[PDB]
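Structure first, then comments.
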Amino acid sequence: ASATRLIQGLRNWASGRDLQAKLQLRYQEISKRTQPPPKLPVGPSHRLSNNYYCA
Amino acid sequence: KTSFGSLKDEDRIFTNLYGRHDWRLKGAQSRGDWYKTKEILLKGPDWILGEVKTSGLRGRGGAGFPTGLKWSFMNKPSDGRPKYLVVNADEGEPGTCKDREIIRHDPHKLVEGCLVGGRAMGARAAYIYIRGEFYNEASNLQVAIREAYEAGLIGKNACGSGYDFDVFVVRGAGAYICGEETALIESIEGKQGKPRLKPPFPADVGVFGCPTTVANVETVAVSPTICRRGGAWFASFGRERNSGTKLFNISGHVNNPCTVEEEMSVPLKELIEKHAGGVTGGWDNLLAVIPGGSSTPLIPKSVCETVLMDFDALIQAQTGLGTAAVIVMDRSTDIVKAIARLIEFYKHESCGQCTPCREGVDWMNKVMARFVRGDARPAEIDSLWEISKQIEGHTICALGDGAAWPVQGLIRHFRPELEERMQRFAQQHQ
Ligand SMILES: Cc1cc2nc3c(=O)[nH]c(=O)nc-3n(C[C@H](O)[C@H](O)[C@H](O)COP(=O)(O)O)c2cc1C
Ligand code: SF4
């Protein structure tokens, strides 16, 4: 997405498609590599009552 | 008869309960005791067992087992080994201070009970396992037993019947678990007071390996009075299968705490408002009543309206009676702190033998120590219930049951008070 408009237009003509809307090279649109700390939920049997394992 | 209570003074078995009369033997024959004992001893064990089975006497120590069927397990011939009637006198039950009154004020009645009960099953000798903390009662009882030996009433040729019979007194050393019958048997033998497993029952193998009946002071001391006054007289009181009289111990937030004898099926409201002078602040100030000592689940003010203080009506009140100790708790009482202190009692008085009591009582006390402050979340209420339902019925004796039962009663009758306690913890500490 650094190509100038002449090469960009020639490339859109030779492909016959619209390429700058769907780029395969990734840019700032991706998630950030440093993520917030997660807090995952627990399973449904993490309960202090009615936790008899035979049931 | 359907109206019970208001027992007359002429039908009281326990004359000189308060200490206003002479407790010694010349004062004991002035109150009817040690009278016509030879004609009791010469009618055989079977007439005595029949007069106990006719009387409808049940257990007075915390069990409620019938007395005559209990003593009839020991009506078997010997095979070289003797038999022993041991009287449980430990009385570690919180609320219950009645056998202390029987030992301190009517000791000759207890010795006559030992003699007649040992005649009733062919026992060789008697052991009175008195509490170690009752040292004044122990010396009181030993002076009375000396006066019993120095008249020819017990010992060699007891009351002129050719039936040899000793009476011993063994003192405890400060263990509530020695109140239970098998741990009392283990405490006489000179070991750690850790309860035995049934079977073998004490009626087959009890103390020292001899057949032994451990019976409470109250259910022993009234049986010569049953044999003299009449079994139909003693079964004429109370409701059906709930006969007799009972020494009630009304303590706590009453105006006048008292040990007082009353007919078995007396209403609790009538008992408190007559013999104790009412709850502090009145009956409108009544929050809860621990009905029969520490091992019974408490009942709130709506249950204390109509309930009868015998075994079957408290079973219908989904609680127990036991030793009939009325611990009264008014509205000014922090109920959670009281039950947590009672669970602290049950962890400082528990012998530590098997795993469910040894772990669950300490773990319930930690949960109750968080519940008093409120340091929990409400989903730990029913979980604690399951903790009680993992103790109740999986132990050796009924101290695990007696420690699970107060927490069950507290939760089952005061759950929303615990929930508001923990939500106000949540708002004022976070
Ligand atoms: C934890 C526990 C403590 C007990 N403490 C006493 C006691 O202090 N005094 C007593 O007479 N019975 C006590 N008992 C009841 C005895 O096990 C037994 O029932 C009693 O010695 C004789 O029963 P009886 O009432 O038929 O005579 C206790 C039971 C348990 C489970
Ligand atoms: S449950 Fe408790 S009181 Fe009973 S034998 Fe075990 S340690 Fe003793």
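We name chains A, B, ... following the order of the structure tokens; residues begin at 1 in each chain, and ligands are numbered from 1 as shown.
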
Write out as a PDB file with C-alpha atoms, in the first residue's frame which residues come within 10 Å of residue 51 of chain A when counting only C-alpha atoms, dropping same-chain ones fewer than 6 positions away.
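Here's the written file out-v6.pdb:
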```
ATOM      1  CA  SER A  45     -18.659 -27.564  38.233  1.00  0.00           C
TER       2      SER A  45
ATOM      3  CA  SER B 383     -21.475 -25.866  51.330  1.00  0.00           C
ATOM      4  CA  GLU B 386     -22.713 -30.348  53.144  1.00  0.00           C
TER       5      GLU B 386
END
```

*Residues of chain A within 10 Å of chain B, using only C-alpha atoms, as a list in words?*
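Result, ordered by chain then number: residues 47, 48, 49, 50, 51 and 52 of chain A.
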
Write the residues of the selection above to a file with C-alpha atoms, as a PDB file, in the first residue's frame.
```pdb
ATOM      1  CA  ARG A  47     -19.209 -24.813  42.751  1.00  0.00           C
ATOM      2  CA  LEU A  48     -18.830 -25.242  46.493  1.00  0.00           C
ATOM      3  CA  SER A  49     -22.265 -26.870  46.788  1.00  0.00           C
ATOM      4  CA  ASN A  50     -23.723 -29.949  45.050  1.00  0.00           C
ATOM      5  CA  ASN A  51     -20.279 -31.071  43.875  1.00  0.00           C
ATOM      6  CA  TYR A  52     -20.579 -34.777  44.592  1.00  0.00           C
TER       7      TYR A  52
END
```

_When DSSP is applied to the backbone of this structure, which of segment 101-337 of chain B are assigned strand (DSSP E or B)? Write them out as a ChimeraX atom specification._
/B:125-130,155,165-171,212-216,238-239,242-243,245-252,254,258-263,267,279,286-290,299-300,308,325-330

*Which neighbours of segment 23-39 of chain A fall inside 9 Å, counting only C-alpha atoms, when residues of the same chain fewer than 3 positions from it are skipped, and could you give them as a VMD selection string?*
chain A and resid 1 19 to 20

Prev. selection, C-alpha atoms, output as a CSV table (one decimal), in the first residue's frame:
```csv
chain,number,residue,atom,x,y,z
A,1,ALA,CA,0.0,0.0,0.0
A,19,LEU,CA,-6.7,-5.0,-4.6
A,20,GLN,CA,-6.2,-2.2,-2.2
```

*What residues have any atom no more than 7 Å from ligand 1 when counting only C-alpha atoms and all ligand atoms, and can you list them as a PyMOL selection string?*
chain B and resi 58-67+88-93+176-181+214-217+219+397-399+402

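Ranking B:232, B:120, B:258, B:197 by their shortest atom-to-atom distance to ligand 2, with only C-alpha atoms and all ligand atoms included, puts B:197 first.
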
*Return as a ChimeraX atom specification every polymer residue, whether protein, DNA or RNA, with at least one atom no more than 8 Å from an atom of ligand 2; count only C-alpha atoms and all ligand atoms.*
/B:177,194-196,350-358,395-400

*DSSP alpha helix (DSSP H) selection over segment 154-277 of chain B, as a VMD selection string*: chain B and resid 181 to 188 217 to 221 223 to 229 231 to 235 268 to 275

Emit the selected residues as a compact mmCIF listing (two decimals), in the first residue's frame, including N, CA, C and O atoms.
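Saved result, again.txt, follows:
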```txt
# COMPACT_ATOMS: atom_id res chain seq x y z
N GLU B 181 -20.06 -43.18 76.38
CA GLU B 181 -19.97 -44.40 77.20
C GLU B 181 -18.74 -45.24 76.86
O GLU B 181 -18.08 -45.75 77.78
N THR B 182 -18.40 -45.37 75.58
CA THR B 182 -17.25 -46.20 75.24
C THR B 182 -15.94 -45.49 75.56
O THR B 182 -14.98 -46.13 76.00
N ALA B 183 -15.89 -44.17 75.39
CA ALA B 183 -14.70 -43.44 75.81
C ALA B 183 -14.60 -43.37 77.32
O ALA B 183 -13.49 -43.27 77.86
N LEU B 184 -15.72 -43.45 78.03
CA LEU B 184 -15.67 -43.56 79.49
C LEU B 184 -15.10 -44.91 79.91
O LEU B 184 -14.32 -44.98 80.87
N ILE B 185 -15.52 -45.97 79.22
CA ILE B 185 -14.94 -47.30 79.42
C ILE B 185 -13.44 -47.29 79.16
O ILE B 185 -12.65 -47.86 79.93
N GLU B 186 -13.01 -46.60 78.10
CA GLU B 186 -11.59 -46.48 77.80
C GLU B 186 -10.87 -45.60 78.81
O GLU B 186 -9.66 -45.74 79.01
N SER B 187 -11.59 -44.68 79.45
CA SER B 187 -10.98 -43.80 80.44
C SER B 187 -10.82 -44.48 81.78
O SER B 187 -9.92 -44.12 82.55
N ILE B 188 -11.68 -45.45 82.10
CA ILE B 188 -11.49 -46.22 83.33
C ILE B 188 -10.26 -47.11 83.21
O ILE B 188 -9.48 -47.25 84.16
N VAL B 217 -26.34 -40.80 85.78
CA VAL B 217 -26.69 -40.56 87.18
C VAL B 217 -28.20 -40.42 87.36
O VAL B 217 -28.78 -40.99 88.29
N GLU B 218 -28.85 -39.68 86.46
CA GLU B 218 -30.28 -39.43 86.62
C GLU B 218 -31.11 -40.68 86.37
O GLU B 218 -32.08 -40.94 87.09
N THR B 219 -30.74 -41.48 85.37
CA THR B 219 -31.49 -42.70 85.10
C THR B 219 -31.11 -43.85 86.03
O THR B 219 -31.76 -44.90 85.98
N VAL B 220 -30.09 -43.69 86.87
CA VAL B 220 -29.75 -44.68 87.88
C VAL B 220 -30.36 -44.33 89.24
O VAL B 220 -30.92 -45.19 89.91
N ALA B 221 -30.29 -43.05 89.62
CA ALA B 221 -30.72 -42.64 90.96
C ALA B 221 -32.24 -42.70 91.14
O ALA B 221 -32.70 -42.78 92.28
N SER B 223 -34.25 -45.12 89.83
CA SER B 223 -34.77 -46.48 89.72
C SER B 223 -35.11 -47.19 91.04
O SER B 223 -36.06 -47.98 91.04
N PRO B 224 -34.42 -46.97 92.17
CA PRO B 224 -35.00 -47.47 93.43
C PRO B 224 -36.25 -46.72 93.82
O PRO B 224 -37.14 -47.30 94.45
N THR B 225 -36.36 -45.44 93.45
CA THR B 225 -37.60 -44.72 93.68
C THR B 225 -38.71 -45.25 92.78
O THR B 225 -39.88 -45.30 93.18
N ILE B 226 -38.36 -45.69 91.56
CA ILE B 226 -39.32 -46.38 90.70
C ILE B 226 -39.77 -47.69 91.33
O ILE B 226 -40.97 -48.01 91.35
N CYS B 227 -38.83 -48.45 91.90
CA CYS B 227 -39.18 -49.74 92.48
C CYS B 227 -39.95 -49.60 93.79
O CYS B 227 -40.72 -50.50 94.15
N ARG B 228 -39.77 -48.50 94.52
CA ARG B 228 -40.51 -48.31 95.76
C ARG B 228 -41.88 -47.68 95.50
O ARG B 228 -42.89 -48.17 96.01
N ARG B 229 -41.91 -46.59 94.74
CA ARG B 229 -43.16 -45.88 94.52
C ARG B 229 -44.10 -46.63 93.59
O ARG B 229 -45.32 -46.64 93.81
N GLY B 231 -43.98 -48.71 89.32
CA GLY B 231 -43.73 -48.48 87.91
C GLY B 231 -44.90 -47.83 87.20
O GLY B 231 -44.69 -47.02 86.29
N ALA B 232 -46.13 -48.16 87.60
CA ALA B 232 -47.30 -47.50 87.03
C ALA B 232 -47.41 -46.06 87.49
O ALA B 232 -47.92 -45.21 86.74
N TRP B 233 -46.93 -45.76 88.70
CA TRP B 233 -46.82 -44.38 89.16
C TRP B 233 -45.88 -43.58 88.28
O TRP B 233 -46.15 -42.42 87.94
N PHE B 234 -44.75 -44.18 87.90
CA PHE B 234 -43.74 -43.46 87.13
C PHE B 234 -44.12 -43.36 85.66
O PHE B 234 -43.79 -42.37 85.00
N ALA B 235 -44.82 -44.37 85.13
CA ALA B 235 -45.35 -44.30 83.78
C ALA B 235 -46.64 -43.50 83.67
O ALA B 235 -47.08 -43.22 82.56
N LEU B 268 -42.52 -25.77 76.93
CA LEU B 268 -41.29 -25.02 77.18
C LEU B 268 -41.57 -23.59 77.62
O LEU B 268 -40.87 -23.06 78.49
N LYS B 269 -42.58 -22.96 77.01
CA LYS B 269 -43.01 -21.63 77.42
C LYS B 269 -43.47 -21.62 78.88
O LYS B 269 -43.10 -20.73 79.65
N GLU B 270 -44.24 -22.64 79.27
CA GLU B 270 -44.72 -22.75 80.64
C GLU B 270 -43.57 -23.00 81.61
O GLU B 270 -43.53 -22.41 82.70
N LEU B 271 -42.59 -23.82 81.19
CA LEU B 271 -41.44 -24.13 82.03
C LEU B 271 -40.58 -22.90 82.28
O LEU B 271 -40.20 -22.62 83.43
N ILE B 272 -40.28 -22.15 81.23
CA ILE B 272 -39.45 -20.96 81.37
C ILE B 272 -40.18 -19.87 82.14
O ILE B 272 -39.64 -19.28 83.08
N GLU B 273 -41.45 -19.61 81.79
CA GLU B 273 -42.17 -18.53 82.43
C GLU B 273 -42.67 -18.87 83.83
O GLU B 273 -43.12 -17.96 84.53
N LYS B 274 -42.60 -20.13 84.26
CA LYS B 274 -42.87 -20.44 85.65
C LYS B 274 -41.61 -20.59 86.49
O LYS B 274 -41.44 -19.87 87.48
N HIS B 275 -40.71 -21.50 86.11
CA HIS B 275 -39.62 -21.87 87.01
C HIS B 275 -38.40 -20.97 86.91
O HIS B 275 -37.51 -21.07 87.75
```

*Near residue 373 of chain B, counting only C-alpha atoms, which residues have an atom at most 10 Å away, once you skip same-chain residues fewer than 2 positions from it, shown as a PyMOL selection string?*
chain B and resi 336-337+368-371+375-376+421-422+424-425

So that I have them on file, write out the residues from the current selection with N, CA and C atoms, as a PDB file, in the first residue's frame.
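As written to disk, out.pdb reads:
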```pdb
ATOM      1  N   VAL B 336     -24.646 -15.886  65.930  1.00  0.00           N
ATOM      2  CA  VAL B 336     -23.571 -16.485  65.148  1.00  0.00           C
ATOM      3  C   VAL B 336     -22.305 -16.600  65.987  1.00  0.00           C
ATOM      4  N   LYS B 337     -22.031 -15.590  66.819  1.00  0.00           N
ATOM      5  CA  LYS B 337     -20.892 -15.651  67.729  1.00  0.00           C
ATOM      6  C   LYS B 337     -21.078 -16.725  68.793  1.00  0.00           C
ATOM      7  N   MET B 368     -16.997 -20.775  60.704  1.00  0.00           N
ATOM      8  CA  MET B 368     -17.805 -19.962  61.609  1.00  0.00           C
ATOM      9  C   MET B 368     -17.052 -18.732  62.098  1.00  0.00           C
ATOM     10  N   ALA B 369     -15.730 -18.834  62.250  1.00  0.00           N
ATOM     11  CA  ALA B 369     -14.924 -17.667  62.584  1.00  0.00           C
ATOM     12  C   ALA B 369     -14.891 -16.669  61.438  1.00  0.00           C
ATOM     13  N   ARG B 370     -15.080 -17.135  60.202  1.00  0.00           N
ATOM     14  CA  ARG B 370     -15.284 -16.174  59.124  1.00  0.00           C
ATOM     15  C   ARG B 370     -16.726 -15.686  59.040  1.00  0.00           C
ATOM     16  N   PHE B 371     -17.698 -16.497  59.467  1.00  0.00           N
ATOM     17  CA  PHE B 371     -19.098 -16.079  59.392  1.00  0.00           C
ATOM     18  C   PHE B 371     -19.452 -15.030  60.433  1.00  0.00           C
ATOM     19  N   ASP B 375     -16.726 -12.764  56.760  1.00  0.00           N
ATOM     20  CA  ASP B 375     -15.675 -12.830  55.744  1.00  0.00           C
ATOM     21  C   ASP B 375     -15.873 -14.065  54.862  1.00  0.00           C
ATOM     22  N   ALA B 376     -16.905 -13.998  54.027  1.00  0.00           N
ATOM     23  CA  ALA B 376     -17.246 -15.072  53.102  1.00  0.00           C
ATOM     24  C   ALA B 376     -18.161 -14.511  52.020  1.00  0.00           C
ATOM     25  N   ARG B 421     -25.606 -10.531  57.217  1.00  0.00           N
ATOM     26  CA  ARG B 421     -24.290 -10.379  57.835  1.00  0.00           C
ATOM     27  C   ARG B 421     -23.189 -10.291  56.786  1.00  0.00           C
ATOM     28  N   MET B 422     -23.200 -11.215  55.827  1.00  0.00           N
ATOM     29  CA  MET B 422     -22.138 -11.222  54.828  1.00  0.00           C
ATOM     30  C   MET B 422     -22.293 -10.102  53.807  1.00  0.00           C
ATOM     31  N   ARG B 424     -23.434  -7.111  54.606  1.00  0.00           N
ATOM     32  CA  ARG B 424     -22.960  -5.885  55.232  1.00  0.00           C
ATOM     33  C   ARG B 424     -21.452  -5.917  55.439  1.00  0.00           C
ATOM     34  N   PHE B 425     -20.864  -7.113  55.600  1.00  0.00           N
ATOM     35  CA  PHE B 425     -19.413  -7.256  55.475  1.00  0.00           C
ATOM     36  C   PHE B 425     -18.931  -6.766  54.117  1.00  0.00           C
TER      37      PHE B 425
END
```

*What is the distance between atom CA of residue 309 of chain B and atom CA of residue 5 of chain B, in Å to one decimal?*
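Taking atom CA of residue 309 of chain B as the start and atom CA of residue 5 of chain B as the end point, the length is 9.9 Å.
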